[PDB]
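Quick notes on the structure that follows.
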Protein chains: 2
Amino acid sequence: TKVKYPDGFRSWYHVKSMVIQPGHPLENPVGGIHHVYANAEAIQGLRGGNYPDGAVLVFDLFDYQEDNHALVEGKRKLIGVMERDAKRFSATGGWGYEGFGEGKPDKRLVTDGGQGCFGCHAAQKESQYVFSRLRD
Amino acid sequence: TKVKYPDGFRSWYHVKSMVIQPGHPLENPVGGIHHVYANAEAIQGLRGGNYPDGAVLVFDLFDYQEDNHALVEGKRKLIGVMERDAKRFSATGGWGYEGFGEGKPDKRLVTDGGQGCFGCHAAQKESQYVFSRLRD
Ligand code: HEC
Ligand code: HEC
Ligand SMILES: [Zn+2]
């Protein structure tokens with residue numbers, strides 16, 4: 001029913017990163033430096049296996065500061081969380097979608113059962129609703 | 001007295017990231033998006049302990065493409081590597097300094113036994129020659 005807060009996600013595998021800057025269509029609300037993390041189960045899916053129930057992907061979003069031709073990580077703005085449960089999250093393609101303001105377990109953001117999240121991630125049906133690609 | 005190639009570093013703990021853009025005093029050679037990784041042993045030092053022998057820090061440098069106000073990871077340019085051995089690397093303050101072109105074990109970049117690396121990292125003697133700070 002609810003997505004679990006992914007405790008210890010900072011110790012997980014770093015999948016990839018990207019920076020979204022002002023002018024980007026998604027500056028509101030995912031402007032900043034983001035890092036994608038995967039637990040062991042999510043790595044199975046990312047490698048081209050299937051995602052086991054209990055796979056978790058985290059979108060970790062930082063604000064950044066301009067420091068002399070460097071973008072420096074500032075405060076955490078939020079995390080997004082995808083948790084795999086084929087049965088419990090069947091209404092949103094087997095992934096539960098949640099946001100935590102500032103990465104705080106007490107600041108749950110999603111109000112529509114993740115239908116908005118799923119609406120965009122649906123475009124990625126062929127890669128099991130995951131945008132991020134495992135890179136070397 | 002050569003630094004070992006840190007095989008499996010991509011599975012290690014992600015410490016932090018930073019973007020170095022053109023015009024930065026160090027754009028040559030570390031312009032791009034970099035990610036710092038730490039093995040279990042390096043984490044002990046980042047948390048406020050003594051860096052044990054066998055601690056490894058990796059500076060993982062990607063080129064990026066600026067595309068519609070996103071900075072998107074491209075190809076790996078290089079890795080930098082600090083390997084802790086108080087005895088073997090005593091001439092450079094107990095860290096061995098190496099680079100690998102494109103992160104490939106056969107493309108060693110350091111030609112002065114790491115004296116140039118050490119010359120800058122010496123400013124951080126008080127944090128055992130490490131710039132990166134562990135963040136949550
Ligand atoms: C399109 C308009 C999107 C909406 C709405 C949401 N997400 Fe999404 N998400 C999107 C992109 C383009 C990416 C890839 C970023 C990259 O660096 O390549 C993501 C990624 C995630 C991830 C990581 C897993 C993955 O699919 O790559 C998570 C955990 C995630 N997003 C969660 C999430 C939630 C909880 C949303 C609703 C609150 C949500 N997303 C909206 C595109 C879009
Ligand atoms: C100053 C003029 C530097 C020189 C020359 C070298 N490095 Fe360094 N390095 C520098 C900074 C400011 C940072 C921090 C980056 C950040 O995101 O905060 C780094 C970092 C590293 C790391 C990561 C560990 C750390 O100390 O934070 C490694 C593994 C590293 N550098 C290796 C390295 C090597 C191999 C060098 C000579 C080839 C070298 N660096 C030189 C500053 C400077
Ligand atoms: Zn300038």
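List of remarks:
Yes/no per residue for (1) away from ligand 3 (no atom under 16 Å from the Cβ); (2) outside any strand (DSSP E or B); (3) surrounded by 12 or more Cβ atoms within 10 Å (Cβ to Cβ):
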{"residue": "B:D63", "(1), (2), (3)": "yes, no, yes"}
{"residue": "B:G80", "(1), (2), (3)": "yes, no, yes"}
{"residue": "B:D106", "(1), (2), (3)": "yes, yes, no"}
{"residue": "B:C117", "(1), (2), (3)": "yes, yes, yes"}
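- No other residue among A:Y37, A:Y13, A:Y64 is over 16 Å from A:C117 (Cβ atoms) and within 12 Å of ligand 1 (Cβ to nearest atom) apart from A:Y37.
- If the condition is being within 15 Å of ligand 1 (Cβ to nearest atom) and either closer than 22 Å to B:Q21 by Cα or not in a strand (DSSP E or B) (or both), then the stretch A:82-97 contributes A:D85, A:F89, A:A91, A:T92, A:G93, A:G94.
- Which listed residue, of A:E102, A:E41, A:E73, is more than 16 Å from ligand 2 (Cβ to nearest atom) and surrounded by 13 or more Cβ atoms within 10 Å (Cβ to Cβ): A:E41
- Output for the stretch A:61-71, where each listed residue is at the interface with chain B (Cβ under 9 Å from one of its Cβ atoms) and closer than 24 Å to A:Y13 by Cβ: A:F62, A:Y64, A:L71
- A:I43 falls short on exactly one of the conditions (1) without any contact (Cβ under 8 Å) to a residue 60 or more places away in the chain; (2) hydrophobic (A, V, I, L, M, F, W, C); (3) within 14 Å of another protein chain (Cβ to nearest Cβ); (4) outside any strand (DSSP E or B), and that condition is (1).
- Flag for B:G32 being buried (at least 16 other Cβ atoms within 10 Å of the Cβ), away from ligand 1 (no atom under 16 Å from the Cβ) and closer than 19 Å to B:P6 by Cα: no
- Single residue of the stretch B:1-24 satisfying the filter (at the interface with chain A (Cβ under 8 Å from one of its Cβ atoms) and near ligand 2 (Cβ under 10 Å from one of its atoms)) that is nearest to A:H69 (Cα to Cα): B:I20
- Inter-residue pairs, beta-carbon under 8 Å, first within 14 Å of A:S17 (Cβ to Cβ) and in the stretch A:56-68, second within 16 Å of ligand 3 (Cβ to nearest atom), 6+ apart: A:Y64/A:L71; A:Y64/A:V72; A:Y64/B:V19
In this analysis, Cβ positions are derived from the backbone assuming ideal geometry, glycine residues included, and neighbour counts consider all displayed protein chains. Bear in mind these aren't lab numbers, they're just calculated from the coordinates by the rules spelled out.
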